[PDB]
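Novice: mmCIF, C-alpha atoms and all ligand atoms, file structure_21.cif:
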data_target
#
loop_
_atom_site.group_PDB
_atom_site.id
_atom_site.type_symbol
_atom_site.label_atom_id
_atom_site.label_comp_id
_atom_site.auth_asym_id
_atom_site.auth_seq_id
_atom_site.Cartn_x
_atom_site.Cartn_y
_atom_site.Cartn_z
ATOM 1 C CA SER A 5 13.745 31.661 -31.296
ATOM 2 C CA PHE A 6 11.173 34.421 -32.147
ATOM 3 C CA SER A 7 9.745 34.199 -35.691
ATOM 4 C CA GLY A 8 7.472 36.325 -37.896
ATOM 5 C CA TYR A 9 8.226 39.611 -36.118
ATOM 6 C CA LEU A 10 8.323 42.953 -37.894
ATOM 7 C CA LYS A 11 11.415 44.980 -36.840
ATOM 8 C CA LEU A 12 10.429 48.473 -35.613
ATOM 9 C CA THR A 13 13.809 49.669 -34.268
ATOM 10 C CA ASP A 14 17.347 48.289 -33.362
ATOM 11 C CA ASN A 15 15.761 46.430 -30.398
ATOM 12 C CA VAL A 16 11.940 46.486 -30.687
ATOM 13 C CA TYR A 17 10.026 43.857 -32.693
ATOM 14 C CA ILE A 18 6.256 43.358 -33.091
ATOM 15 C CA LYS A 19 3.916 40.543 -34.153
ATOM 16 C CA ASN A 20 0.156 40.001 -34.304
ATOM 17 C CA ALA A 21 0.014 37.058 -31.925
ATOM 18 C CA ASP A 22 -1.579 35.656 -28.827
ATOM 19 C CA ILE A 23 1.128 36.092 -26.155
ATOM 20 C CA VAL A 24 -0.002 32.829 -24.446
ATOM 21 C CA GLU A 25 0.493 30.856 -27.701
ATOM 22 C CA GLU A 26 3.705 32.744 -28.445
ATOM 23 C CA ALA A 27 5.051 31.916 -24.926
ATOM 24 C CA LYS A 28 4.034 28.239 -25.268
ATOM 25 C CA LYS A 29 5.801 28.074 -28.652
ATOM 26 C CA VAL A 30 9.033 29.973 -27.909
ATOM 27 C CA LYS A 31 9.394 29.257 -24.162
ATOM 28 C CA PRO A 32 11.280 32.617 -23.756
ATOM 29 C CA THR A 33 13.562 33.336 -20.790
ATOM 30 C CA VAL A 34 11.125 36.134 -19.798
ATOM 31 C CA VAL A 35 7.450 36.657 -20.537
ATOM 32 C CA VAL A 36 6.046 39.991 -19.325
ATOM 33 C CA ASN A 37 2.679 40.010 -17.620
ATOM 34 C CA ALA A 38 0.447 43.109 -17.677
ATOM 35 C CA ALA A 39 -0.021 42.909 -13.923
ATOM 36 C CA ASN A 40 -1.866 44.992 -11.335
ATOM 37 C CA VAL A 41 -0.359 45.911 -7.903
ATOM 38 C CA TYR A 42 -2.172 43.015 -6.224
ATOM 39 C CA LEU A 43 -1.066 40.414 -8.813
ATOM 40 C CA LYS A 44 -4.773 39.517 -9.235
ATOM 41 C CA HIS A 45 -4.669 37.990 -12.734
ATOM 42 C CA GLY A 46 -8.354 38.297 -13.590
ATOM 43 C CA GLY A 47 -8.593 39.553 -17.143
ATOM 44 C CA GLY A 48 -6.704 40.745 -20.202
ATOM 45 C CA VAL A 49 -3.179 39.393 -20.677
ATOM 46 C CA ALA A 50 -2.890 38.550 -16.931
ATOM 47 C CA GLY A 51 -6.032 36.422 -16.930
ATOM 48 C CA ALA A 52 -4.934 34.639 -20.103
ATOM 49 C CA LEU A 53 -1.375 33.919 -18.872
ATOM 50 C CA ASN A 54 -2.710 32.749 -15.513
ATOM 51 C CA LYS A 55 -5.347 30.464 -17.104
ATOM 52 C CA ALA A 56 -2.544 28.924 -19.275
ATOM 53 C CA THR A 57 -0.635 28.031 -16.072
ATOM 54 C CA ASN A 58 -3.759 26.242 -14.667
ATOM 55 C CA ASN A 59 -3.864 29.009 -11.939
ATOM 56 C CA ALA A 60 -0.321 28.188 -10.704
ATOM 57 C CA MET A 61 0.672 31.768 -11.510
ATOM 58 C CA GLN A 62 -2.127 33.085 -9.213
ATOM 59 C CA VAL A 63 -1.204 30.691 -6.352
ATOM 60 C CA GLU A 64 2.447 31.778 -6.554
ATOM 61 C CA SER A 65 1.387 35.467 -6.819
ATOM 62 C CA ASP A 66 -0.854 35.262 -3.737
ATOM 63 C CA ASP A 67 2.070 33.847 -1.719
ATOM 64 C CA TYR A 68 4.287 36.683 -3.081
ATOM 65 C CA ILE A 69 1.711 39.336 -2.036
ATOM 66 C CA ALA A 70 1.179 37.726 1.396
ATOM 67 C CA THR A 71 4.953 38.036 2.006
ATOM 68 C CA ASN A 72 5.791 41.324 0.273
ATOM 69 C CA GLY A 73 2.649 43.385 -0.040
ATOM 70 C CA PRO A 74 1.488 45.020 -3.244
ATOM 71 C CA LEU A 75 3.741 46.249 -6.029
ATOM 72 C CA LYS A 76 3.938 49.957 -6.903
ATOM 73 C CA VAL A 77 2.290 51.248 -10.128
ATOM 74 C CA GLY A 78 5.332 51.379 -12.463
ATOM 75 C CA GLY A 79 7.049 48.547 -10.584
ATOM 76 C CA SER A 80 7.673 44.885 -11.184
ATOM 77 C CA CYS A 81 8.611 41.573 -9.698
ATOM 78 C CA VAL A 82 10.178 38.440 -11.173
ATOM 79 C CA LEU A 83 8.299 35.230 -10.536
ATOM 80 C CA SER A 84 8.233 31.801 -12.231
ATOM 81 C CA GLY A 85 7.180 31.576 -15.854
ATOM 82 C CA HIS A 86 5.566 28.166 -15.109
ATOM 83 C CA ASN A 87 4.822 26.351 -18.447
ATOM 84 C CA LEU A 88 5.178 29.607 -20.441
ATOM 85 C CA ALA A 89 8.680 30.925 -19.796
ATOM 86 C CA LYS A 90 11.714 30.531 -17.441
ATOM 87 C CA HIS A 91 10.481 33.703 -15.644
ATOM 88 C CA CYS A 92 7.495 35.966 -15.668
ATOM 89 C CA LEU A 93 8.233 39.644 -15.163
ATOM 90 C CA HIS A 94 5.015 41.053 -13.683
ATOM 91 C CA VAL A 95 5.014 44.707 -14.660
ATOM 92 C CA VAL A 96 2.407 47.202 -13.439
ATOM 93 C CA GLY A 97 1.569 49.825 -16.007
ATOM 94 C CA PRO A 98 -0.812 52.630 -14.988
ATOM 95 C CA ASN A 99 -4.482 51.725 -15.404
ATOM 96 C CA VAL A 100 -6.106 54.898 -16.759
ATOM 97 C CA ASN A 101 -9.560 53.204 -16.170
ATOM 98 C CA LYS A 102 -8.588 53.323 -12.403
ATOM 99 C CA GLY A 103 -7.438 56.997 -12.794
ATOM 100 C CA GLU A 104 -3.698 56.258 -12.538
ATOM 101 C CA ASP A 105 -0.905 58.604 -13.727
ATOM 102 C CA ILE A 106 -0.105 57.849 -17.435
ATOM 103 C CA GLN A 107 3.392 59.409 -16.855
ATOM 104 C CA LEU A 108 4.142 56.124 -14.887
ATOM 105 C CA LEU A 109 4.173 54.166 -18.186
ATOM 106 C CA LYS A 110 7.845 55.100 -18.812
ATOM 107 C CA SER A 111 8.760 53.845 -15.284
ATOM 108 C CA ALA A 112 6.866 50.614 -16.027
ATOM 109 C CA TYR A 113 8.820 50.066 -19.290
ATOM 110 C CA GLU A 114 12.139 50.750 -17.513
ATOM 111 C CA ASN A 115 11.686 47.390 -15.754
ATOM 112 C CA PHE A 116 12.254 45.690 -19.147
ATOM 113 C CA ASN A 117 15.860 47.032 -19.191
ATOM 114 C CA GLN A 118 16.842 44.560 -16.460
ATOM 115 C CA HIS A 119 16.352 41.653 -18.944
ATOM 116 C CA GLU A 120 18.359 41.080 -22.162
ATOM 117 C CA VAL A 121 15.390 39.673 -24.092
ATOM 118 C CA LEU A 122 11.645 39.637 -23.358
ATOM 119 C CA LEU A 123 8.361 38.524 -24.886
ATOM 120 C CA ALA A 124 5.858 41.245 -23.876
ATOM 121 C CA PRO A 125 2.503 42.887 -24.377
ATOM 122 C CA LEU A 126 2.083 46.687 -24.787
ATOM 123 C CA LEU A 127 1.875 48.006 -21.222
ATOM 124 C CA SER A 128 -1.306 49.821 -20.132
ATOM 125 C CA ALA A 129 -2.984 48.874 -23.451
ATOM 126 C CA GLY A 130 -6.236 46.817 -23.676
ATOM 127 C CA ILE A 131 -8.319 46.813 -20.511
ATOM 128 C CA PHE A 132 -5.752 49.168 -18.823
ATOM 129 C CA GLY A 133 -7.220 51.994 -20.943
ATOM 130 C CA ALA A 134 -4.175 53.770 -22.372
ATOM 131 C CA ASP A 135 -3.686 54.562 -26.061
ATOM 132 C CA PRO A 136 -1.679 51.605 -27.484
ATOM 133 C CA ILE A 137 -0.005 53.941 -30.043
ATOM 134 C CA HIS A 138 1.288 55.984 -27.056
ATOM 135 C CA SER A 139 2.373 52.741 -25.272
ATOM 136 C CA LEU A 140 4.408 51.591 -28.301
ATOM 137 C CA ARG A 141 6.097 55.022 -28.526
ATOM 138 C CA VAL A 142 7.013 54.910 -24.811
ATOM 139 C CA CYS A 143 8.263 51.338 -25.288
ATOM 140 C CA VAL A 144 10.571 52.234 -28.217
ATOM 141 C CA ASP A 145 11.839 55.388 -26.427
ATOM 142 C CA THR A 146 12.450 53.623 -23.056
ATOM 143 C CA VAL A 147 13.393 49.982 -23.609
ATOM 144 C CA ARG A 148 17.005 49.385 -24.717
ATOM 145 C CA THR A 149 16.975 45.581 -24.385
ATOM 146 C CA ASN A 150 15.452 43.247 -27.020
ATOM 147 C CA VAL A 151 11.654 43.311 -26.721
ATOM 148 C CA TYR A 152 9.329 41.135 -28.814
ATOM 149 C CA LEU A 153 5.869 42.635 -28.606
ATOM 150 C CA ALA A 154 2.856 40.389 -29.089
ATOM 151 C CA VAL A 155 -0.312 42.336 -30.073
ATOM 152 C CA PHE A 156 -3.404 40.106 -29.837
ATOM 153 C CA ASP A 157 -5.777 42.277 -31.898
ATOM 154 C CA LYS A 158 -5.044 42.158 -35.747
ATOM 155 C CA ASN A 159 -6.738 45.505 -36.410
ATOM 156 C CA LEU A 160 -4.754 47.176 -33.595
ATOM 157 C CA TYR A 161 -1.520 45.516 -34.840
ATOM 158 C CA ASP A 162 -2.148 46.970 -38.336
ATOM 159 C CA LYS A 163 -2.905 50.416 -36.872
ATOM 160 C CA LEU A 164 0.296 50.262 -34.747
ATOM 161 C CA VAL A 165 2.556 49.280 -37.678
ATOM 162 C CA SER A 166 0.959 51.688 -40.196
ATOM 163 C CA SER A 167 1.190 54.646 -37.784
ATOM 164 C CA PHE A 168 4.702 53.900 -36.391
ATOM 165 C CA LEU A 169 7.014 56.834 -36.760
HETATM 166 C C1 LIG B 1 -5.329 40.453 -24.177
HETATM 167 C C2 LIG B 1 -5.349 38.977 -24.439
HETATM 168 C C3 LIG B 1 -4.374 38.402 -25.242
HETATM 169 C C4 LIG B 1 -4.379 37.042 -25.488
HETATM 170 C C5 LIG B 1 -5.352 36.230 -24.921
HETATM 171 N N1 LIG B 1 -5.260 34.857 -25.220
HETATM 172 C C6 LIG B 1 -5.924 33.771 -24.712
HETATM 173 O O1 LIG B 1 -6.688 33.803 -23.739
HETATM 174 N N2 LIG B 1 -5.663 32.646 -25.406
HETATM 175 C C7 LIG B 1 -6.009 31.298 -24.965
HETATM 176 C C8 LIG B 1 -6.899 30.640 -26.001
HETATM 177 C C9 LIG B 1 -4.728 30.532 -24.751
HETATM 178 O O2 LIG B 1 -4.944 29.258 -24.171
HETATM 179 C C10 LIG B 1 -6.341 36.793 -24.121
HETATM 180 C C11 LIG B 1 -6.297 38.146 -23.881
HETATM 181 F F1 LIG B 1 -7.243 38.669 -23.066
#
Turn the structure described in the file into structure tokens.
Specialist:
Amino acid sequence: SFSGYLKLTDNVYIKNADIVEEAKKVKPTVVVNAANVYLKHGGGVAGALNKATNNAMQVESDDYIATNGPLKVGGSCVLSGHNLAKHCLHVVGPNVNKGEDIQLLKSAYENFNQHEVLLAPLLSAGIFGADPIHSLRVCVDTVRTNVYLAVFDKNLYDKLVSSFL
């Protein structure tokens, strides 16, 4: 199971780890992808997860979009986890670098409540432009299921733990 995580609350855990390497190691039931509405996994966590699947995640995602159209900001879809997990929950957090409503971050985290346990990144953090301290606070105040957060950046991980209320 998950190892080396610092317990933040009853159900939220955090670790300074590469989510791709964490997924390959644990093979969780659900790995969360920091997706965009088009499921175009170009950069950040999405680009890294997709590259780990040898682009199989992108091929599956393009078929999903061709059939269903784009996701909503704050929404999600469950697709295969390929070589990383049983499932990948593609969750769209608001991208503040694309001028999207930061109030949609709570709606994005609510998708996690449909899964008993998840390996996840901080939504809207990194290249999505939101304050990761704010993302962690929304995560702890919204998610009720067991979430194991992987934070790639050591310096950000330290800042998140040291500032956690
Ligand atoms: C935000 C973020 C987090 C983790 C990674 N990790 C990654 O690409 N790891 C490779 C070496 C795994 O094969 C990239 C990212 F952009």
Novice: Using only C-alpha atoms and all ligand atoms, what does the table of chain A residues within 8 Å of ligand LIG 1 (chain B) look like, with each row giving the shortest atom pair and its distance in Å to one decimal, sorted by chain and ascending number, as a Markdown table?
Specialist:
| residue | atom | partner | partner_atom | distance |
| --- | --- | --- | --- | --- |
| A:21 | CA | B:LIG1 | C4 | 7.8 |
| A:22 | CA | B:LIG1 | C4 | 4.6 |
| A:23 | CA | B:LIG1 | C4 | 5.6 |
| A:24 | CA | B:LIG1 | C9 | 5.3 |
| A:25 | CA | B:LIG1 | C9 | 6.0 |
| A:47 | CA | B:LIG1 | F1 | 6.1 |
| A:48 | CA | B:LIG1 | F1 | 3.6 |
| A:49 | CA | B:LIG1 | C1 | 4.2 |
| A:50 | CA | B:LIG1 | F1 | 7.5 |
| A:51 | CA | B:LIG1 | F1 | 6.6 |
| A:52 | CA | B:LIG1 | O1 | 4.1 |
| A:53 | CA | B:LIG1 | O1 | 7.2 |
| A:55 | CA | B:LIG1 | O2 | 7.2 |
| A:56 | CA | B:LIG1 | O2 | 5.5 |
| A:130 | CA | B:LIG1 | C1 | 6.4 |
| A:131 | CA | B:LIG1 | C1 | 7.9 |
| A:155 | CA | B:LIG1 | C3 | 7.4 |
| A:156 | CA | B:LIG1 | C3 | 5.0 |
| A:157 | CA | B:LIG1 | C3 | 7.8 |
Novice: Let me make sure I understand: among A:71, A:84, A:20, A:33, which one has the smallest atom-to-atom distance to residue 160 in chain A if we use all atoms listed in the file?
Specialist: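 Checking each of A:71, A:84, A:20, A:33 against residue 160 in chain A, counting all atoms listed in the file, the winner is A:20.
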Novice: Once you count all atoms listed in the file, which residues end up no further than 9 Å from (7.8, 44.1, -29.6) in the file's frame, shown as a ChimeraX atom specification?
Specialist: /A:9-12,15-19,122-126,140,143-144,150-155
Novice: Nearest residue to residue 163 in chain A out of A:145, A:76, A:136, A:7, using all atoms listed in the file?
Specialist: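 The shortest atom-to-atom distance to residue 163 in chain A comes from A:136.
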Novice: Using all atoms listed in the file, which residue out of A:137, A:97, A:118, A:148 lies closest to residue 82 in chain A?
Specialist: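 Ranked by minimum distance to residue 82 in chain A, first place goes to A:118.
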Novice: CA of residue 39 in chain A and CA of residue 94 in chain A are how many Å apart?
Specialist: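 These atoms are spaced 5.4 Å apart.
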